[PDB]
Structure formats: structure tokens, C-alpha cells
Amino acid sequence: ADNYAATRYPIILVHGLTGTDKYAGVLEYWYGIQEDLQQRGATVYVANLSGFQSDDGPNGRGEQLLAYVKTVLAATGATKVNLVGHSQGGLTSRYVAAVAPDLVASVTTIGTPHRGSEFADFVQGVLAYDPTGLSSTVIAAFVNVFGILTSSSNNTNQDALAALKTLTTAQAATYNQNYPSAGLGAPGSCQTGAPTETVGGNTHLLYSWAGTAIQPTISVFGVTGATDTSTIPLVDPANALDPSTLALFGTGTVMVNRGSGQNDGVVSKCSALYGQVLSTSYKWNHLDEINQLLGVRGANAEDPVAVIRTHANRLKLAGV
């Protein structure tokens, strides 16, 4: 009905871990997001990359995105695009910004583990306690096969062990060295960087935000316990019609006990921080961020469809 989200450059929504554009070709990762933006006069494109893989490397997700960004420009007549990444997606959008500045006009990250995930360190530490190392073989085989069965194009390019390593606190620290951005502040500071970036003479408008439903609220005998601020305590229906609200609150407790502090379930506040931080106050878990698990969210959670809508308006008034 409107031209509210009518940006100058086309929007490309980049998925994260486990993702694709539509699971099994039916479940949209960005639930009703592309549609909502379309109605409001925006040109939106949703990337289909590997659900399980690293961002760098010839056969990585970054190159899959560059290739896709290229075809979009070839299909739109555009010169640059607006990368909007979620989770590993923001880490993937960054790669294209770095390696191909001219084709990128802005990078926006939604709950992106720029410094990594403490939960990725955990899951890997749990894999290492198998002295034989067969858990890593069989669980990766399993998770890769999920990638293929739920990818809309049944993409065989899945490396689960690469995807889990890419997301660890220590490996992301190497990523940032190898792919520096002006929107990144010093490692270990829980501080962001500059709002814009300039590579090869090309200006990118850097933005980001975070979900912080899981806050640490009680420390007893060393053991830290958290609260899911997205929900009305106990009686909230989101804990019923959404298995991820409670799953993320479980992963979110493992996080606080590993020093993450306030997090969205799998990403910390400190790790999500990039460029221009518009908010970290959202009472959202990791999926609420993408209006995920059939449009369901707790009662104290803001409308994520509205947030990505006000942002596309912000990109428009920004000149991108």
C-alpha cells in the first residue's frame, strides 16, 4: 500500500545457521518479513545459501552470497545492495562488504555473533569429551543431512563441524582479524565501532541490533540462573505454541553460566554489537528476531516485523 520501505538499493535478507530461504521449501526463515517489506514498496530478495558451513573459504557461504548479490544486480539493474543479515548471516554479509565493497551499500546485523557464541564453545567442548571422536563424525553427518533435507534446493554443500567452529568465541576472533570492519570495536570491550565504513572508496552504512530476552537474574552457589524477559512469567502462551521460546531459554542459561551475560539464547549482547547499534533492549530471543516459529513471540516482545520495517525506512532516509 505504501512506499515506506522503498529503499534505493535492493534488500537482501541473509540467513544464519541451519537456514535457507524456506525450510523444505515451505517454512520461511524470515517469516512474513519479505512480504511485509514488499507491500510497503520495497524490492526484497532472500538468499539461499548453505545452512551449515563457514563464511570464508572457496566453498563457503560468503562466496555463495557474492554470487547471489551479483545475479540480483543483474536482475534489478542496480549497482549496490542492502545486506540485512541475521545470526551467521551478518558474518556473511560482512564478507561480501569486505571482498566486494562496490556492490554493497549497507550491512545490517540482527543478533550476529561477531565475537562468537559461548554456546558454540560449549557444544564443541561436549564433542571433545568423546575420546574416540565418533560423536563428531556421526552428529555432523546427521546435521549435514538435515541441511540437505531442509534446504529448498537440497544443497549438498554442508559442513556442520565448520559451521560450529566458525561460531566459537576463539574462531570468530580470527575471522575479525582476517576481515576487519570499522563497525567493530576492540576485542573484549563490549563496545561497537563506527556507524559507517569506507572500503576502496565505497561508503557502507553499518547498523545492528540485539535480542536480550535472557538476562542473568539470580546467582546462588556459583550457578547463575536467568529469566526470559520476553514472556509473562510462567502463564505466557509463547511457551506453548513455540518450542523455541523455552529451548532458547535453556541454551540461554548455558550462556550466562559461561560469562555471556544478557543474550538472546545463543548470541550475547557484546557479540551482537556492530556499527550503529539501534537497540539491544528488545525482549527477544534468537528467533523472535526473525518473527520466527510461525509469528509467535512473548507478550513483552516488540513486533520484529515492525522493527525491520522502520529500518528499511531508515535506510531510505539514509540515501541507501
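Residue indices: 1-based, along the sequence shown. What we label the rigid core is the largest C-alpha set whose atoms superpose within 1.5 Å from one form to the other.
Undergrad: Do the Cα atoms of 22-30 or those of 285-293 sit farther, on average, from the shown form in 5 other deposited structures of this protein after fitting on the core?
TA: When 22-30 and 285-293 are compared in 5 other deposited structures of this protein, 22-30 lies farther out.
Undergrad: Once everything is fitted on the core, do the CA positions of 208-216 or those of 192-200 lie farther from the shown form in 5 other deposited structures of this protein?
TA: Stretch with the higher C-alpha RMS distance in 5 other deposited structures of this protein: 192-200.
Undergrad: Decide which of the stretches 39-47 and 276-284 has the higher mean C-alpha B-factor, going by the entry.
TA: For C-alpha atoms only, the mean B-factor is higher in 39-47.
Undergrad: Per the PDB record, is the mean Cα temperature factor higher over 180-188 or over 212-220?
TA: Higher of the two, by average CA B-factor, is 212-220.
Undergrad: Quick one: which of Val99, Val123, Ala105, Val145 has the biggest Cα B-factor according to the entry?
TA: When the deposited C-alpha B-factors of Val99, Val123, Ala105, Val145 are compared, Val145 is largest.
Undergrad: Select one of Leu248, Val84, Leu149, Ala238: the residue whose C-alpha shows the highest B-factor in the crystal structure entry.
TA: Reading the PDB entry, the winner on C-alpha B-factor is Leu149.
Undergrad: Which third, lowest, middle or highest, does the CA B-factor of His15 fall in along this chain?
TA: For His15, the deposited C-alpha B-factor lands in the lowest third.
Undergrad: Sorting the chain's modelled residues by C-alpha B-factor, tell me whether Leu91 ends up in the lowest, middle or highest third.
TA: According to the entry, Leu91 has a C-alpha B-factor in the chain's lowest third.
Undergrad: Hey, what third does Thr166 fall into on Cα B-factor, ranked over its chain?
TA: Within its chain, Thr166 is a highest-third residue by C-alpha B-factor, going by the deposited values.
Undergrad: Comparing against every modelled residue in the chain, figure out the third that the C-alpha B-factor of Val254 lands in (lowest, middle or highest).
TA: Highest third, going by the recorded CA B-factors of the chain.
Undergrad: Considering every modelled residue of the chain and its Cα B-factor in the PDB entry, is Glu63 in the lowest, middle or highest third?
TA: It belongs to the lowest third of the chain when residues are ordered by C-alpha B-factor.
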